[PDB]
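Asks: Quick one, structure for this:
(11 chains, ligands or ions: 39)
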Amino acid sequence: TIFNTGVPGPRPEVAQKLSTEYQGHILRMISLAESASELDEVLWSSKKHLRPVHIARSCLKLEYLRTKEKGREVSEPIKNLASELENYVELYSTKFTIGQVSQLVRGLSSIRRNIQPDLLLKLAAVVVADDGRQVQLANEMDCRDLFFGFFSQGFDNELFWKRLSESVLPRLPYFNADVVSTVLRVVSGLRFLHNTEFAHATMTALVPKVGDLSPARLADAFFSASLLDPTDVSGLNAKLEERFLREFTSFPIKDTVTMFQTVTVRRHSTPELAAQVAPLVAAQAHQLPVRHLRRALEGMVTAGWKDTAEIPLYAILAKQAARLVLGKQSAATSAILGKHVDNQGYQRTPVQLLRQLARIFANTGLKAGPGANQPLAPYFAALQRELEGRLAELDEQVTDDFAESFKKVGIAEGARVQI
Amino acid sequence: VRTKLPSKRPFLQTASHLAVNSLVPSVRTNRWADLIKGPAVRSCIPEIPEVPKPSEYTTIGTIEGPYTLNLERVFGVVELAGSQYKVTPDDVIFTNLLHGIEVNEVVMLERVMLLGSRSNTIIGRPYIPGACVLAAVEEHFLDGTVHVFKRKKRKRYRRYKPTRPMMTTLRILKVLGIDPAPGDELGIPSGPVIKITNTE
Amino acid sequence: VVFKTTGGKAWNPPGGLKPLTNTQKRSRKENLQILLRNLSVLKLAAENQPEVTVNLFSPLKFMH
Amino acid sequence: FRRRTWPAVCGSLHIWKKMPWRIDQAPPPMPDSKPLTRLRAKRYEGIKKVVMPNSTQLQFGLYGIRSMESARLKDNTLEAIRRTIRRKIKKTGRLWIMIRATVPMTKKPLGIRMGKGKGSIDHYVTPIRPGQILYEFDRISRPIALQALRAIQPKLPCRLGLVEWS
RNA sequence: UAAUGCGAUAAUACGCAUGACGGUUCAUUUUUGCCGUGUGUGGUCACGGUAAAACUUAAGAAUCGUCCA
RNA sequence: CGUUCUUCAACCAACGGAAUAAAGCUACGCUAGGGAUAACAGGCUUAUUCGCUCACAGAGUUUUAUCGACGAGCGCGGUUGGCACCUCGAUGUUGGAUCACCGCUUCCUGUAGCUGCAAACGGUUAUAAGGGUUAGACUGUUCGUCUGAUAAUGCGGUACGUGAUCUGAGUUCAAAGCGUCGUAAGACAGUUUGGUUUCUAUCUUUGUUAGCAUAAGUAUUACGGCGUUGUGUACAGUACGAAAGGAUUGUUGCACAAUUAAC
RNA sequence: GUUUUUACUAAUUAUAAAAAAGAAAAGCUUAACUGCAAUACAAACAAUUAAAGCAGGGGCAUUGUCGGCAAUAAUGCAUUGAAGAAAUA
RNA sequence: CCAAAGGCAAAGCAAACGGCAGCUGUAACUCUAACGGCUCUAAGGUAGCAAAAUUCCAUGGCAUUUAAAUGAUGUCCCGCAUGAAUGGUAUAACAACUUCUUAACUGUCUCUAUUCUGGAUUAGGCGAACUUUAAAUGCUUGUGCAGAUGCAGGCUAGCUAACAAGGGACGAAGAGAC
RNA sequence: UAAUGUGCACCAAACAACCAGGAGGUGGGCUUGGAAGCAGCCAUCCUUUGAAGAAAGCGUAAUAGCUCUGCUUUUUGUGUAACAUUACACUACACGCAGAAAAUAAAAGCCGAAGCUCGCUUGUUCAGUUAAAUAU
RNA sequence: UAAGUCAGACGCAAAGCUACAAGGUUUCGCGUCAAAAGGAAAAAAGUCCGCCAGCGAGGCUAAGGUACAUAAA
RNA sequence: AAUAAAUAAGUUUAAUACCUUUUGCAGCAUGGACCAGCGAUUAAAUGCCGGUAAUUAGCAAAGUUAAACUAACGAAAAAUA
Ligand SMILES: [K+]
Ligand SMILES: [K+]
Ligand SMILES: [K+]
Ligand SMILES: [K+]
Ligand SMILES: [K+]
Ligand SMILES: [K+]
Ligand SMILES: [K+]
Ligand SMILES: [Mg+2]
Ligand SMILES: [Mg+2]
Ligand SMILES: [Mg+2]
Ligand SMILES: [Mg+2]
Ligand SMILES: [Mg+2]
Ligand SMILES: [Mg+2]
Ligand SMILES: [Mg+2]
Ligand SMILES: [Mg+2]
Ligand SMILES: [Mg+2]
Ligand SMILES: [Mg+2]
Ligand SMILES: [Mg+2]
Ligand SMILES: [Mg+2]
Ligand SMILES: [Mg+2]
Ligand SMILES: [Mg+2]
Ligand SMILES: [Mg+2]
Ligand SMILES: [Mg+2]
Ligand SMILES: [Mg+2]
Ligand SMILES: [Mg+2]
Ligand SMILES: [Mg+2]
Ligand SMILES: [Mg+2]
Ligand SMILES: [Mg+2]
Ligand SMILES: [Mg+2]
Ligand SMILES: [Mg+2]
Ligand SMILES: [Mg+2]
Ligand SMILES: [Mg+2]
Ligand SMILES: [Mg+2]
Ligand SMILES: [Mg+2]
Ligand SMILES: [Mg+2]
Ligand SMILES: [Mg+2]
Ligand SMILES: [Mg+2]
Ligand SMILES: [Mg+2]
Ligand SMILES: [Mg+2]
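Replies: Residues are numbered from 1 along each chain as shown, chains lettered A, B, ... in the order given. Ligands and ions are numbered 1, 2, ... in the order given. Please find the structure below.
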């Protein structure tokens, strides 16, 4: 009756693979994965039961995982996992559907990975095969991903874009505003579509319904419309400007900065608009990446706003730019925590962006060197420290460009900034 | 204990431990085995690589019209559909159902294990690189009915399940890799006219 | 095995259980060598155990 | 391995532990002169196969006879052996008898079907354990002891051996 | 545990008095046998138990005897 | 008149106790079921029975010639038992008539030793299964007792051989008597007188014969069947032996009996 | 049932129960109660077994125990009948 | 012999239904007990007959009958468990009753043979019945729901029937009566 | 019983066999009609010493005699109810027999299932989070 | 599942009863059969190996085998 | 148990019907000669447990039948004033 004595011990730990009975749980498992390593193990265990639907969904999941690591370089495990998913796509290159191809391209484009030119042609052939019969079955979300996904990959095949545009043309009037905005972004980015019938049709389709555009899409539409149609043949730019004036206070900081710069390019800026922008930008200057800081400086400078005692916006922007370049935010947090050995990831800005910012500050008209405490002093001080560690990247032309900026601001003695 | 009623002792003990844990907090708050538990891995040893094999069969074209075949003086051994065949031109073989091919198409077989003539023999270990066999697809058919019957005497058990297997038929056209012995060359046209439709 | 030599049921031929042949003896020798070899391996594993146990992946544990 | 539960390891009521007779290794005591009992026994009480301790020796004499196997001997067999030994050795010989038949055995008469209770006593037996010493001799020579051993060997179902004190 | 223990008036103020010899009662798991479970052509197998039974040499403790070598 | 609480009692001892109570016969019997279950035969078991070996104590008194034991082991499946495995939509009882096949643990007819073997008549062991193994009085018998002869009148297996071949005296249906038991119906497991025994052979086995299938005659050899028996007498009152008594031996001679073959 | 004393430590159908325990001796007593009860042992069910604790009235002590007896056997459902008391009609 | 338990009747009735003992001592040597003692009951079986149509030991002992007698007749006798109108003992005649013996006769038998009439058997005509899961259906040992034409080993080689016998097909007939 | 092996014991002669004596006190004492070595008891001592027991056995009414424990040459592994292993025997397939053959493999290897495996066939088990244009 | 089942059998290992018999009987531990085809031992319910969705002239093994019957030294 | 799987067509290998009833049946246990036709959990009322719907049901026609429901502890405070 009794053949073993004692309390039952722990069960043995056994390595197992996915069984055929649970083939329908693969999509759920992909969603539940919380890291690249976990997703790698999920795919490995299910290797014998992988299908094109699973391969496409995994690449889309890379975008979700990478989002949690914003502000840092793409992690090594993500890159290694992407190197394996690419091989699977090659095997199933001709078995994907139009909806699945859109997911695959978006995921790989978000990770900033360049797909091989031969794979793009094979993937492109799938979309436009059979006279675009399957394009009539792709929904709005599929179309949006196809346009932006292929554009972000640098695809420059004239025939592919010609056929794709023809199939989508009759459906534009029924797409949502956000989808139409993405189409305009692609059209403006492709030179050979600048003055086609498809380009005009897109503008005419967007004008009737503009109240549904989101802040981010609204800013892009205004940018693209201004570039494509300098003269208001269609009542689009005028309508977009009216919306900007009415709801200027409601939009987020990033979109307001971008839209303001577009108005200055359009030469419709007024002193009243410049005055109203300053209090909002000064308060939320810390919520603008380096790219948006450059837009803010150019827009305000073009508008003609001058530094005021109450709101010295230029001084605030210079400090904010220095923090982003130096990446002091991570160090500041570690100081409060008490552990200064904390790893700090960063995305170094390109030298080209540094030159553009330096020229804009020089054109601002403020000094940095002469005075002990000048508004632009911290930015140039940070620039010198950064360039000291990037001398290898420095070139003769780059040195001359910086030297001109240094001379304009008032530092030409070959000495480090006071601060 | 003599009673056959299932015992409720485990239920009574669980109710007591749950009540104590609910009301009385524990003193310890960590477990070292949990703290240093490492990431899950697939295995503790390197994976074993697979051995490559030549392609089984691939289409190369179609047949345009009626043709004739003559006898040659070479033969070979080819692996196909899980079994091996000894073939010479103008032979007919029967295999399991092959997917992805159509009647009046020409296929290429590359898993060649042995080539022979009347003056030389070539042995593959286990396959001969640079040899192939050509064949024409002639039929996709259902074979004769096989009647499957089971019964158990005196147990009221009886089952009947007829079935029809699926198979494919091929005709061998050419064997490439070994030259005929001197004086055994076929000096006249032998095969059909093939429209090549597979360029890689 | 059957050792009983009585009764009408002929489990064994007349004369009882027959002695093992040379092949049967060799068969039983190899069965015991396998058993002894397994015990020798478990001794090696115990003398070379690492400090930290390895964690192995299982899809079913992952799901739950 | 021991077949008990965890509560039994801690609160067993079997306080006074006695080893069962079937497997107890203690040597049997010297035979006494008590009268034979009239109480029926169980068949296991007449059989015991465990070997004798590894320290057994002669206790009184210089020569003796031991059993190399277990067996169950009846009262009739012992009487025949006793007469044979007495006649073979001498009148002027010292003999110790270390065994006695004391376990009753039952039997039923012919023509009786199974059941209706246990039978009545028919005879007595004694168990013999391997290596046990059965008889001891003194005031004799070694050749005489060998003659006694050969005389009784055909009359017993178990193999016998000679023991000497040294 | 000498604020001990024992006593024949036995009460405890008095009697014997903690050493030394002799005889009794209580470590390489002492290591062999034996027993239990699993497996088994009935033993060229494995592990455990004996503070249940037989079996070794000590060292110490508790009385007891004693003009003491 | 009804309800609740506090309590008890009777038969339930076949003691989970209820249809209030409450014994028998059937051989004049009937129906529904079981080889789940008995009687005959088979099977398993071998206590018992029987046989052999060891044991050589004890009688005989030199001999283990012959008789023979305590005790132990092994074998047989024929004695008395145990079990309930096959058959209850059926496996005909005891003995005999008729006709058989087999084993050897040998009664006679053989062969070779020992002997408390002079001869004759015996005793015992080993080996040998071809032939033979009688006619009657009593009894339903098997068995048993007895009578006149005989070389001798062996044992066992075969569904304790044999009823689709015969017999029916016993046993075992319906009638009746006596004795004993029961108040009685009745019972005996005691005894006595009487009391129905069916079947045209389809398959297999066996004895004969014809037709059909490779012309007829003579046919060595091979293969198969059968089984070469028994008593008396003469060779001799010789060998042997005090006497009495009384032989051995034979491809023997003669007469007779059984069996077989014909006439 | 409960208190006190000590030259005692037994016996049962059977039995290695028990020393802050029992037996005997001396004194007072009726808890061999009324109304309830957490949680367990066992067990097909019916029933059967142990029991902390709460309220009332008591006994011996003077703040402890008593809901019969060292423990393990001395028994019988429902129905029907009968008695004491109480509530209706 | 009418006690007990019943029935009937005039408080009595047995040719109404029924019953009818045991222990122990004793005569010349022995044996036996004519003759004593005790207990109990309603009464304690009298005459007659008796190895029976009644007897367990049993085929009792003796005589006759035969060469040979579990037989028959006679006889001895407390007879497991005989017995007097559920009658006891005898009895001339009578009996398709049961038992034993004598004379004669015979195929009942030693021991069978021949033959007549009818059937069988051969030919023409006429024309049933029991039975049938399917069959192209050998022996022997082994095996097994424990006795095999059909399973395993060792054997078996012209073909289909007729006339004849009755070992097996746990042969056929009737849902075993014991 | 047989066969093999181990343990133990013994070319200073083990084992089998031929060649000579087995004496005297002594025929010990006793019993006895006889006893010396053998009807039966006590005793089992002494000497010669080349051996010898107050003769082991067969017998003689006692005798005598043979040969036996022990003796010199001569030629000459043995013994062992001690142990272990293997294989046999102690008497009926009572219809009729387990094939043929057989004085050498637990070997590198191989055969062997509806088990495992390879090829083919049938049934069963929705989400969309990214914006990376340097335009005046 | 308010279903069916309440006739069990044998092998190895123990104990009671029988005669330390029975293919006997009563309990108990494991396994197989019942309700289980396939392979090995002669036929082979209960022993040894091993659990059949279907087809195929592919391959490796288990128990057991490797001069003939009969695949392999 | 008269078939199966194969074959060079000569042959070779595998192979003891079915039902019922049983611990176990090729069974020497039960039933059937063969063919055609007929031959056995059906209907009503009520109750219980699942599934699918209506969103109370039936009459009547501004009013009546049937069913169902009907007090348990009024327990929260989340104000960067
Ligand atoms: K009852
Ligand atoms: K019957
Ligand atoms: K003879
Ligand atoms: K009358
Ligand atoms: K008459
Ligand atoms: K017949
Ligand atoms: K028919
Ligand atoms: Mg049998
Ligand atoms: Mg093997
Ligand atoms: Mg009842
Ligand atoms: Mg009947
Ligand atoms: Mg039966
Ligand atoms: Mg039974
Ligand atoms: Mg003989
Ligand atoms: Mg006979
Ligand atoms: Mg008979
Ligand atoms: Mg007959
Ligand atoms: Mg009658
Ligand atoms: Mg009468
Ligand atoms: Mg009467
Ligand atoms: Mg008549
Ligand atoms: Mg209950
Ligand atoms: Mg109180
Ligand atoms: Mg109490
Ligand atoms: Mg009368
Ligand atoms: Mg009359
Ligand atoms: Mg006629
Ligand atoms: Mg047979
Ligand atoms: Mg046969
Ligand atoms: Mg019947
Ligand atoms: Mg399988
Ligand atoms: Mg029942
Ligand atoms: Mg039962
Ligand atoms: Mg049984
Ligand atoms: Mg069944
Ligand atoms: Mg292999
Ligand atoms: Mg071969
Ligand atoms: Mg049966
Ligand atoms: Mg029938």
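Asks: Look up how far residue D:12 lies from the residue of chain A found nearest RNA strand J.
Replies: Residue nearest to RNA strand J within chain A (Cβ to the nearest atom of the strand): residue A:1, separated by 5.5 Å. Using the backbone N, CA and C atoms, a C-beta is placed for each residue, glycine as well. Note on residue A:1: its distance to residue D:12, by Cβ to Cβ, to the nearest Å, is 17 Å.
Asks: Compare neighbour counts for the two and give me the winner.
Replies: Neighbours were counted for residue A:1 and for residue D:12 using other Cβ atoms under 10 Å in any protein chain shown; residue D:12 has more, 11 against 5.
Asks: Please name the nearest non-neighbouring residue to that one.
Replies: Counting by Cβ to Cβ, 6 or more residues apart in numbering or on different chains, residue D:12 lies nearest to residue D:4, which is 7.7 Å off, once chain neighbours are set aside.
Asks: In terms of helices and strands, where is the one you found?
Replies: In the assignment (DSSP states H and E), residue D:4 maps to no helix and no strand.
Asks: Contacts only, for it.
Replies: Contacts for residue D:4 (Cβ atoms under 8 Å, 6 or more residues apart in numbering or on different chains) come out as A:2, A:5, D:12.
Asks: quick one: the helices in chain B?
Replies: B:9-23, B:32-35 (DSSP state H).
Asks: I should have written the stretch 201-350 of chain A there, sorry.
Replies: A:215-228, A:237-246, A:253-266, A:271-283, A:290-303, A:313-326, A:328-337 (DSSP state H, counting those that start in this stretch).
Asks: got those helices as JSON lines, with distance to RNA strand E and mean neighbour count columns?
Replies: Shown next, in JSON lines, are the helices of the stretch 201-350 of chain A (distance: least, Cβ to the nearest atom of the strand, whole Å; neighbours: other Cβ atoms under 10 Å in any protein chain shown):
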{"stretch": "helix A:215-228", "distance to RNA strand E": "72", "mean neighbour count": "21"}
{"stretch": "helix A:237-246", "distance to RNA strand E": "85", "mean neighbour count": "16"}
{"stretch": "helix A:253-266", "distance to RNA strand E": "73", "mean neighbour count": "21"}
{"stretch": "helix A:271-283", "distance to RNA strand E": "77", "mean neighbour count": "16"}
{"stretch": "helix A:290-303", "distance to RNA strand E": "71", "mean neighbour count": "20"}
{"stretch": "helix A:313-326", "distance to RNA strand E": "67", "mean neighbour count": "20"}
{"stretch": "helix A:328-337", "distance to RNA strand E": "53", "mean neighbour count": "12"}
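Asks: Pull the contacting residues for the residue of chain B found nearest RNA strand I.
Replies: As assessed by Cβ to the nearest atom of the strand, RNA strand I sits closest to residue B:82 within chain B, at 2.7 Å. Taking Cβ under 8 Å, 6+ apart as the criterion, residue B:82 is in contact with residue B:96.
Asks: Torsion angles phi and psi at it?
Replies: Reported as degrees, to the nearest 10, the phi and psi values for residue B:82 are phi 80, psi 0.
Asks: Can you lay out the helices of the stretch 201-350 of chain A as TSV showing distance to residue A:90?
Replies: Listed next are the helices of the stretch 201-350 of chain A as TSV, based on distance: least, Cβ to Cβ, whole Å:
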stretch	distance to residue A:90
helix A:215-228	34
helix A:237-246	43
helix A:253-266	38
helix A:271-283	48
helix A:290-303	35
helix A:313-326	39
helix A:328-337	39
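Asks: Neighbours of the spatially closest residue to residue A:49 that is not a sequence neighbour, how many?
Replies: In space, and not counting its chain neighbours, residue A:49 is closest to residue A:23: 4.8 Å by Cβ to Cβ, 6+ apart. Residues lying near residue A:23 (other Cβ under 10 Å) number 14.
Asks: What is the three-state secondary structure of residue A:23?
Replies: helix (DSSP: H, G, I helix; E, B strand; the rest coil).
Asks: For residue D:76, see how far away residue D:108 is.
Replies: In this view, residue D:108 and residue D:76 are 20 Å apart by Cβ to Cβ.
Asks: So for those two, which residue has more residues nearby?
Replies: More crowded of residue D:108 and residue D:76, by other Cβ under 10 Å: residue D:108, with 14 against 11.
Asks: What values do phi and psi take at that one?
Replies: phi -110, psi 150.
Asks: How about the contacts made by it?
Replies: So residue D:108 contacts residue D:119 (Cβ under 8 Å, 6+ apart).
Asks: and what of residue C:54?
Replies: Residue C:54 sits in contact with B:38, B:41, B:44, where contact means Cβ under 8 Å, 6+ apart.
Asks: Which residue lies nearest to the last one in three dimensions, sequence-adjacent residues excluded?
Replies: If you skip the residues right next to it in sequence, residue B:44 has residue C:54 as its closest partner in space, 5.8 Å away by Cβ to Cβ, 6+ apart.
Asks: Then the first one?
Replies: Excluding its sequence neighbours, the residue lying closest to residue B:38 (Cβ to Cβ, 6+ apart) is residue C:55, at 5.2 Å.
Asks: how about the helices in chain D?
Replies: With DSSP H as the criterion, chain D has helices spanning D:6-11, D:75-89, D:142-152.
Asks: Measure how the second one sits relative to helix D:142-152, angle-wise.
Replies: When you say that, I think you mean helix D:75-89. 150 degrees (axes from the mean of the first three to the mean of the last three Cα atoms, to 10 degrees).
Asks: Looking at chain D, which strand is longest?
Replies: Looking across chain D with DSSP state E, the single longest strand is strand D:120-128.
Asks: Need the CA coordinates for it. CSV is fine.
Replies: Output of strand D:120-128 as CSV, limited to C-alpha atoms (Å, rounded to 0.1, in the frame of the first residue of the first chain):
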residue,chain,number,x,y,z
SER,D,120,-6.8,-33.7,16.4
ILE,D,121,-3.2,-34.2,17.4
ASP,D,122,-1.4,-37.1,15.7
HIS,D,123,2.3,-36.7,16.5
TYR,D,124,5.0,-34.2,17.4
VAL,D,125,7.9,-32.6,15.5
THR,D,126,10.8,-30.3,16.0
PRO,D,127,12.4,-27.8,13.6
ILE,D,128,16.1,-28.0,12.7
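Asks: Is RNA strand F within reach of that strand?
Replies: No - using Cβ under 7 Å from any atom of the strand, strand D:120-128 stays clear of RNA strand F, coming no nearer than 10.0 Å.
Asks: From the contact counts, what lies against that strand?
Replies: Counting contacts by 3 or more Cβ pairs under 8 Å, 6 or more residues apart in numbering or on different chains; DSSP states H and E, strand D:120-128 is packed against strand D:71-74, helix D:75-89, strand D:103-107.
Asks: ok, and does the longest one reach over to RNA strand J?
Replies: No - applying Cβ under 7 Å from any atom of the strand, one finds helix D:75-89 separated from RNA strand J by no less than 12.6 Å.
Asks: in chain D, what residue is nearest RNA strand H?
Replies: residue D:114 (17.3 Å).
Asks: Could you count how many residues lie near that residue?
Replies: By other Cβ under 10 Å, 5 other residues sit near residue D:114.
Asks: From RNA strand J, how far out is it?
Replies: Distance, residue D:114 to RNA strand J, by Cβ to the nearest atom of the strand, to the nearest Å: 6 Å.
Asks: So for chain C, which residue is the most central one in space?
Replies: residue C:35 (5.7 Å; Cα atoms, centre = their mean).
Asks: quick one: which helix or strand includes that residue?
Replies: Assigned by DSSP H and E, residue C:35 belongs to helix C:22-47.
Asks: Which elements pack onto that helix?
Replies: Counting by 3+ Cβ pairs under 8 Å, 6+ apart, helix C:22-47 packs on no helix or strand.
Asks: Distance-wise, check the residue of the stretch 301-419 of chain A found nearest chain C relative to residue A:75.
Replies: Of all residues in the stretch 301-419 of chain A, residue A:343 sits closest to chain C, at 23.8 Å by Cβ to the nearest Cβ. Relative to residue A:75, residue A:343 is positioned 12 Å away (criterion: Cβ to Cβ).
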